[PDB]
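A lone chain, given as structure tokens: the form deposited without the named molecule.
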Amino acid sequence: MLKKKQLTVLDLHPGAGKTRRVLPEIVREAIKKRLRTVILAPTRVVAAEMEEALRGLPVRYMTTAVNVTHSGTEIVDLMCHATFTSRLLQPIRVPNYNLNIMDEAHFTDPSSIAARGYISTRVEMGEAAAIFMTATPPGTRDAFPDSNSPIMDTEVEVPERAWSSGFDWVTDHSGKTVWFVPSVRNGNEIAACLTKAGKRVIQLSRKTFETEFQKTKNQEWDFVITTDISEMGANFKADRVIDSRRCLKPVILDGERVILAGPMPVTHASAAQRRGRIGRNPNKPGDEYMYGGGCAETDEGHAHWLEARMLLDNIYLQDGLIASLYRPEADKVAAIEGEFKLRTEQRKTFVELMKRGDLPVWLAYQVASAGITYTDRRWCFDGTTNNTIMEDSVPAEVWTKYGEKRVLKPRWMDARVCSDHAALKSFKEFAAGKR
């Protein structure tokens, strides 16, 4: 695997030991061969788990998620996917890693897609080796891969709203269930219905995952209600998955606004990862997977793949060359390569709007490419009337940095800035100049 020009897809089934067995073997061989190596974790939770798998191997953990005292002589670095792409974008020296290992390499966040594009292009140039670890490589068509233990698969209607009758199978179960929902708001309603029925429910989503996942270890629970973030190596001691088989799809409309379309079917890869939360223990056959819909190719035209092109167009590779998306997922976007390349000063603004601003890539790009500076928030208020953001069915309002109460009406409307209470609270703080 470790030879230049090699990209290996390590596509062992979910729970086959890619992280806990195979990775430490790859790392030992890399150190022996004096290959400067990066290991890419999708989350801080997985970074901390990798430290346990790799303990007493000389690895530099480029994350505050791990309390380790480094020797200073390690030639293996571990960081999050997003950290890797972040550091490529910034005026930060990133070594030209001889071996590039991505764990949970199906992750469809823009920074993960961009990282795959950058790494696979370095491999194609003959500069590096790479290993992509995932049970569900791009374009996988198999929602029902092998497992450590037999799974009971059942197609069933799954509630997506509070219910009073007709779903007794949901609450009659005495074990632990992981339930994949398409959105935070959707999960909140199902969680409230379960709580009212006497169940103990933990909710996970991208903003809370890194701190709420610990509750799955520290608290007794009956249900985890999770978005798609638990497709990325989240391990539960569960005996059932309930899968809506639904997601939201960010869609760029007329190159002018982003909507959250759907809910609509998940990809086969997503369905396989959701189901793959169970069937992991060969001593516990007959974990259940209850699924409420079919799969479809909903990654086609999904905003994350366009956003990954916006990132890759702004990463230096060699002279004016631009990294390509990883070939198996390159047709999910119709973009002109280089169309999003920014001049130095607009690139810095773009980066800051994503890092400190915490804005979606697409929205950071619209602001930066308009020649607006990071602290200039006038664009949050001068949009068209149809871009008015609502809070409890009346326009959302903030006090501007000038002390003026104004309706939130951004010039570019990205539905991800207000898809739930927490998102809108963060965007209100941004519009107010508070970060």
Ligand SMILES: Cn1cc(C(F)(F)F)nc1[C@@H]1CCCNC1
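Think of the rigid core as the biggest set of C-alphas that the two forms share within 1.5 Å after superposition. All residue numbers refer to positions in the sequence shown, first residue = 1.
- Here the rigid core sets the fit, and in 8 other deposited structures of this protein the C-alphas of 210 to 218 stray farther than those of the other stretch, out of 210 to 218 and 79 to 87.
- When 109 to 117 is weighed against 226 to 234, 226 to 234 comes out higher, by mean CA B-factor as recorded in the entry.
- In this entry, 329 to 337 has the higher mean Cα B-factor, the comparison being between 269 to 277 and 329 to 337.
- In the deposited coordinates, the residue among 369, 37, 63, 375 with the greatest CA B-factor is 63.
- Of the candidates 100, 314, 244, 208, it is 208 whose Cα B-factor is highest according to the PDB record.
- In the PDB entry, residue 416 places in the lowest third of its chain by CA B-factor.
- Ranked within its chain, residue 288 lands in the lowest third, by CA B factor from the PDB record.
- Remark: residue 428 belongs to the lowest third of its chain, ranked by C-alpha B-factor as recorded.
- In this PDB entry, the Cα temperature factor of residue 301 sits in the middle third of its chain's modelled residues.
- Placement of the Cα temperature factor of residue 72 within the chain: highest third of the modelled residues, per the deposited record.
Unshown form deposited with the named molecule bound; subsequent notes refer to it.
- For the candidate spot formed by 378, 400 and 404, every residue has a non-hydrogen atom within 4.5 angstroms of the named molecule in the deposited bound form.
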